[PDB]
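Novice:
Protein chains: 2
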Amino acid sequence: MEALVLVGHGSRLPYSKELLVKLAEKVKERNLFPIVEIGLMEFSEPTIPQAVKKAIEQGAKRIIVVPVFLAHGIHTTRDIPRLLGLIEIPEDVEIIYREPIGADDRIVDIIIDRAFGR
Amino acid sequence: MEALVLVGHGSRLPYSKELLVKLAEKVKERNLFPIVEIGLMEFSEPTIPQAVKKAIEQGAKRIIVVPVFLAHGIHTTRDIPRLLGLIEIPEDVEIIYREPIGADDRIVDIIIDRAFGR
Ligand SMILES: [Co+2]
Ligand SMILES: [Co+2]
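Protein sequence lines, in the order shown, are assigned to chains A and B.
Going by our numbering, the first residue of the first sequence is number 1, and it counts up by one from there.
Going by our numbering, the first residue of the second sequence is number 1, and it counts up by one from there.
1. Near ligand 2, which residues have their beta-carbon less than 6 Å from any of its heavy atoms, given in chain order?
2. Taking C-beta pairs closer than 7 Å, name the residues in chain A that residue 66 (chain B) reaches, listed in chain order.
3. With a floor of 4 residues, list each alpha helix (DSSP H) that falls wholly inside the stretch 41-67 of chain A, ordered by position along the chain.
4. Cutting at 8 Å between CB atoms, please list the residues of its own chain near residue 96 (chain A), excluding the five before and the five after it.
5. Residue 79 (chain A) versus chain B: which residues are under 9 Å apart at the beta carbon?
6. Would you say the beta carbon of residue 73 (chain B) comes nearer than 8 Å to a heavy atom of ligand 1?
7. Please report the distance separating the alpha-carbon of residue 87 (chain B) from that of residue 75 (chain A).
8. Is it right to say residue 37 (chain B) is buried, meaning 16 or more other beta carbons lie within 10 angstroms of its own, or is it exposed?
9. Is it buried or exposed, residue 104 (chain B), if we count other Cβ atoms within 10 angstroms and call 16 or more buried?
10. Any idea which residues DSSP pairs residue 36 (chain A) with across the strands?
11. Please classify residue 100 (chain B): is it buried, with 16 or more other beta-carbons within 10 angstroms of its beta-carbon, or exposed?
12. If you measure from the beta carbon of residue 103 (chain A) to each beta carbon in chain B, is any gap under 9 Å?
13. Does the distance from the CB of residue 52 (chain A) to the CB of residue 81 (chain A) come in under 9 Å?
14. Run the proximity test for residue 42 (chain B): is its beta-carbon closer than 8 Å to any non-hydrogen atom belonging to ligand 1?
15. With distances taken from CA atoms, which of A:21, A:27, A:13 is nearest residue 43 (chain A)?
16. Could one say the Cβ of residue 26 (chain B) lies closer than 9 Å to chain A's Cβ atoms, at least one of them?
17. Going by CA-CA distance only, name the one from B:70, B:79, B:9 that's closest to residue 7 (chain A).
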């Protein structure tokens, strides 16, 4: 009844989409969610609406959208809330737009390990 | 003798720069590095060359540049290695260009907490 939609920027390069896909897989391996889909905002497929529709077609009534972005930007405050009709497609269900990653202590952990070539 | 330079995108919005600054502070609190500076690519200050110079002026001979980005993109593969003269300013100092964040298991942790409004 719950779906998690991971949402990302998307580049013309494939790294960004690879990143989303690997992330989705790892959350699948954690078995917390019935439905788990990804969506990219620009120049990639599947797109955010495609992902939301795909979640709904699988019968999800609460769609948790997580913006996989470090910080808030135009994308997280305008475009995505727009694409989800949260501002200014979906019937019956409620979309739950979550927060970005932000300056989480676990990121400073990752940054340090990254600094040391680890 | 070692400096850590955190490097980020930068938007016209201030969230991105806030993010870098908070991160730099937290790594300062961890007391692992003599010198710790931030630099943004565009739209904001300090810029990446400014940050590198600032590290050098403080007497660092090994500059560890960490790209605070989820994935590789044009920025991490072209522009930043360019700005650091690593491809097509420094004296007798070696710049060490580290990896981005990538699909780290700690990010899937962050994503889950983020999904639950935590
Ligand atoms: Co964008
Ligand atoms: Co950019």
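A virtual CB, placed ideally from N, CA and C, is assigned to each residue, including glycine.
Specialist: Reading off the structure:
1. B:9, B:75
2. 111, 114, 115
3. 48-57
4. Sequence-distant Cβ neighbours of residue 96 (chain A) in its own chain, meaning closer than 8 Å and more than five residues away, are 62, 63, 64, 65.
5. The premise fails here: residue 79 (chain A) is roughly 13 Å from chain B at the closest Cβ pair, so nothing lies under 9 Å.
6. No heavy atom of ligand 1 is found nearer than 8 Å to the CB of residue 73 (chain B).
7. 31 Å
8. Of the other Cβ atoms in all chains shown, 16 or more fall within 10 Å of the Cβ of residue 37 (chain B); this residue is therefore buried.
9. buried
10. A:4
11. buried
12. Answer yes: the Cβ-Cβ gap between residue 103 (chain A) and chain B drops below 9 Å somewhere.
13. no
14. Distances from the CB of residue 42 (chain B) to the heavy atoms of ligand 1 are all 8 Å or more.
15. A:13
16. yes
17. B:70
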